[PDB]
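The next block holds one structure in the form of structure tokens; read it before the comments.
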Amino acid sequence: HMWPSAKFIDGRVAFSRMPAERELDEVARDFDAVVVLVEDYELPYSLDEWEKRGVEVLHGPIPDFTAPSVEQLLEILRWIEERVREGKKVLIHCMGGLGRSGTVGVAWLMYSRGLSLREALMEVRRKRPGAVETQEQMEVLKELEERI
Ligand code: VN3
Numbered sequence: 000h001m002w003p004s005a006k007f008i009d010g011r012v013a014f015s016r017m018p019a020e021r022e023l024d025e026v027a028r029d030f031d032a033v034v035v036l037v038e039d040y041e042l043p044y045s046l047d048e049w050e051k052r053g054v055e056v057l058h059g060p061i062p063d064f065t066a067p068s069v070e071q072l073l074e075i076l077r078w079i080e081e082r083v084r085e086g087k088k089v090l091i092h093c094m095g096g097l098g099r100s101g102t103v104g105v106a107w108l109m110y111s112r113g114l115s116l117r118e119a120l121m122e123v124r125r126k127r128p129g130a131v132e133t134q135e136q137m138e139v140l141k142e143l144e145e146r147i
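The opening position of the sequence shown corresponds to residue 0 in the entry's author numbering, with each subsequent residue numbered one higher.
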């Protein structure tokens, strides 16, 4: 049994909506690290709630319905990879589990598997229909595709 809102895009990495504080114990049973993409005002609890449960945080705030830069994306991907190499499972989350986190998940499959944007987008949207919500989110993935 695993937290049922985790949408796995490979064996070790998943994306999701925001976990409530009362869900963190269950999340922490399977995930060692979390990439938090919401801005501080969106958090209903301190990010220390993750750390105290043994879940290492990368806070990479992106305003809702906007896109990270390609440079930010590459930083997040290396951080995920570092933890996957240690045998850890990693969760990526935003608020809805669709746009910000879907964008990072697409980027992750491109980076980790060499998938085309099309292939990676199809797989992420099979896990969460509607993932990658805005034009600018699509554009930064095209920009990333050119560079990896
Ligand atoms: O809070 V999300 O960009 O689905």
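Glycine included, each C-beta is placed from N, C-alpha and C at the ideal position.
- In the structure shown, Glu118 adopts helical secondary structure according to DSSP, grouped into three states.
- The beta carbon of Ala27 sits closer than 8 Å to those of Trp49, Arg52, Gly53, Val54, all from its chain and outside the five residues before and after it, given in chain order.
- Note on geometry: alpha-carbon atoms of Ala106 and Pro128 lie some 16 Å from one another.
- No heavy atom of the ligand VN3 is found nearer than 6 Å to the CB of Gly59.
- Using a Cβ distance threshold of 7 Å, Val83 and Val139 do not count as a contacting pair.
- No Cβ-Cβ contact shorter than 7 Å links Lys6 with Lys141.
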